[PDB]
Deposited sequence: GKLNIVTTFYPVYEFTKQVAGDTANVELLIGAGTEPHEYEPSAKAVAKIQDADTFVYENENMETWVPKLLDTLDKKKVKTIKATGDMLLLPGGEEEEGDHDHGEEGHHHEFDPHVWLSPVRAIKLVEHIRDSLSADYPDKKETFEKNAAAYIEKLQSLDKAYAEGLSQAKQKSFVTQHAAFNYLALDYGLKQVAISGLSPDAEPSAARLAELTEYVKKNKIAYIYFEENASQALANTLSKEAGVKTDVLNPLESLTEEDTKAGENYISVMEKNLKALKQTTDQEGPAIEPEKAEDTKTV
C-alpha cells in the first residue's frame, strides 16, 4: 500500500510530502510546539522509526541524536535519507545546519529527497520526479522573490534572536547578527536593556527579529527604552498551532520572512 515515512521536523516533513505526495503517509515526528534543537526520541518513537519504510532527517548537526540511531538501523527495515546529502556546511556558532532558510538551498534538499526516494523505490520514480518538479517550480519563484527583493539592499545587516539565517545571508549577500540572551517572552534586566540600547544606538539598528512574535511587554520595552522595533523571522523549525490552523506552509512563511526582512534591508 502506501509507504510509511517518518520525518523529523517541519521542513523535512514538508519537502518529503511534496516529493512523495500520495505514494506515502508522511508522519511528522517533532510537531508543533516542541523545539527540534532539544528533542530526542523516546524508545517507542525510536521503534516507530525502525519499522518505518523510510526515515528522513535534516542533518546530524541538527538532529544530533541521529548518529547513535543510525548504528542500530542495519538490523531494522527502515531506509534513511539525510535531506542535506553532501551539501557543504558553514561552521557552527559544530556545523550550522540551518540551510532550509535559503530558498535556493531548499531546492537542493528537495532534489536530494527525490533522488534518494527514487533509488529506494524505483517503481515510483516517475511520481517522485513529477511531484518534485512541480514543487521546485514554486521554490524557484520564491528564490526569485528573495533575489529581487534583497539584491539591492541598502542595509546589509540584520539582527536576529535565533541564528538560523546564516545561509540566507550567505546566499543573498547579507550579514546576520545574532543576539543571545533575548527570548520573545523575556523581560530583560535593566543592565541587559542598557547593553541592547547601546548596541542599537551605536549600530543604527531598526529592528530586532524574533523566531516568534515578541510579547507585547517585550515589544513595548524595546520601543520605549531601546528605540528599536520588533518583527518575526521564523526559522521554520516548528509551526505554531495557530499557524498550522491557518494553513501556513514553508513557502508562505518564507514570504512573510522576506517581507519582515525588507523592513530592515530596504532602509
item	value
Deposited positions lacking CA coordinates	94-109, 284-299
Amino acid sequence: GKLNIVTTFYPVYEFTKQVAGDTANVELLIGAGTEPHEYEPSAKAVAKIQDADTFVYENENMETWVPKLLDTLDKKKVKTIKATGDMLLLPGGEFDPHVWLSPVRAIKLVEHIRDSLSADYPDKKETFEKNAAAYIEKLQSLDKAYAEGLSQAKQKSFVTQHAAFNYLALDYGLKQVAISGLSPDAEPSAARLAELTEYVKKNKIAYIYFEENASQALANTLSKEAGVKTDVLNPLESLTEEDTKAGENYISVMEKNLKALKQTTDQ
From here on, numbers count along this sequence of modelled residues.
item: Residue range whose averaged C-alpha B-factor is higher in the record, 53-61 or 211-219; value: 211-219
item: Entry-level comparison of average CA B-factors, 224-232 and 238-246, reporting the higher stretch; value: 238-246
item: Maximum C-alpha temperature factor, selected from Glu148, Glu111, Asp171, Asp123; value: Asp123
item: Candidate residues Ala164, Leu117, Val78, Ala190, the one whose C-alpha B factor the record puts highest; value: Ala190
item: Among modelled residues of the same chain, the CA temperature factor third for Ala153; value: middle
item: B-factor third for the C-alpha atom of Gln140 within its chain; value: middle
item: Cα B factor band for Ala43 (lowest, middle or highest third within the chain); value: highest
item: Cα B factor band for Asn257 (lowest, middle or highest third within the chain); value: lowest
item: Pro184 - which third its CA temperature factor falls in, relative to the rest of the chain; value: highest
